[PDB]
């Protein structure tokens, strides 16, 4: 009775009422003529995103695409990019669901059609779970291990009943992380092969041409079945989208400058600052756009391997963390473009930084009295801000005092560890960019008498060492989101510390961490969830497992002025599928 029939939200929060006319970040009257040409670094030679063969060389744009979403293969429900985790109607016109999430039932829209004009049916859905289970790659072949029964319940209705291996997130994955495939158009015996035959989907774009290693051209189907859905209003505005493939970023950038590519998505701060001094920018023909987003910025940090005795003591990790001089690095290496990262959910509502712990967090954390530092609990903690000099005496004195409390001596002019050895460790780096930042950190550590070796290892040997946790310190990245879930166990869970190949690079094993992961998974409403995640953040910060580095505070997209976008930018940042070509 309480469940909407037109939406499915992970934690029950649904921003749009049933009669919405469009997602709030689209222009409901966007022009519909003209093309978009974008570049990517890499290659492709196949057109099946759901199978092992050629999985690393599959064309962009078909399904699960970061910039373009699902242009050929569609899901039952469509994710809004203005909410943390809410899905709205797409192939499924209606949804019904068990309060306890033991079953979910979808009713297909009777207008739904494949691009060849055949109907999308319940039989296509059943076929989809059959063939992907038998012949798909992970994760697409793993869904049925959670499903007790899949059955047709009406002319256009299908119900999934789940088994005890399922969890509250699982129905979300059925609704939004599986395609629907066309039974009538797929040769089952060859499904799985590398293929360059244009595949049939229900999406708005068809594959018009394919030049392997070079270019895929999508054309809009004028008879696209979903064109009038409120969930599609102001999307799919380009009548043609070409994705071109380049061997490196410089080649790609040059092709943008020549007007062959319409946009350039920029992540390099030196390039953004220095290299957009070409005439088109000065004439206003190329616009440097910036956007903000409320999804978190991915963590980048130095990672302490807490398994090594040198780094077992959190007080030592805390001291060494204070010595990184971000303000010097930003100013001298990065043209001031970065902002300091402080939280594992940086820039989002899930960050604990600058927020006193709420009543729910304090309840959750009370059984773990040592787990969160007072400054972190009260929201007064931040990493040091230096004078930018590269030799600021203030964080260094705090570091010196902490190491002394932890048993260090200083005897000229070395830092001596509690076992009476001169303190020394290695930073394993993978690239010249990593070396450059490690070198900067090394200069500050050396000023306290600490000897640091920087050792660059090629990619394959680097991964061999990651696998066995064979390092003192590395640089580590995390793919963050507004919906942390089961993946948190392999990052931070105490069982993952001793599993070779896990993602727990710091070797975290703390019942408080485990308990906060349990709590965020148990949360059934967005308030409890936010509280639990913040509490996880507080514990992780208080362990000094990472020395958090930096992130870009704006998204950057340069564009020829023949490309436009809505004034509004949603929670997830810019959304290319809502952009259009000027008249």
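Residue numbers count along the first chain shown, from 1.
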Q: Identify the stretch, either 426 to 434 or 508 to 516, whose C-alpha atoms have the larger mean B-factor according to the entry.
A: 426 to 434
Q | Between 96 to 104 and 474 to 482 (mean CA B-factor, as deposited), the higher | A | 96 to 104
(Q) Take the CA temperature factors straight from the PDB entry and tell me which of 319, 78, 158, 303 peaks. (A) 158
Q | Options 417, 282, 266, 82 - largest CA temperature factor per the record | A | 282
Q) What third of its chain's C-alpha B-factors does residue 328 belong to: lowest, middle or highest? A) middle
Q. Going by what the PDB entry lists, where does residue 405 fall on CA B-factor within its chain: lowest, middle or highest third?
A. middle
Q. Should residue 244 be placed in the lowest, middle or highest third of its chain by the C-alpha B factor in the entry?
A. middle
**Q.** Third of the chain, ranked by Cα B-factor, where residue 524 sits
**A.** highest
Q) By its CA B factor, does residue 42 count among the lowest, middle or highest third of the modelled residues in the chain? A) middle
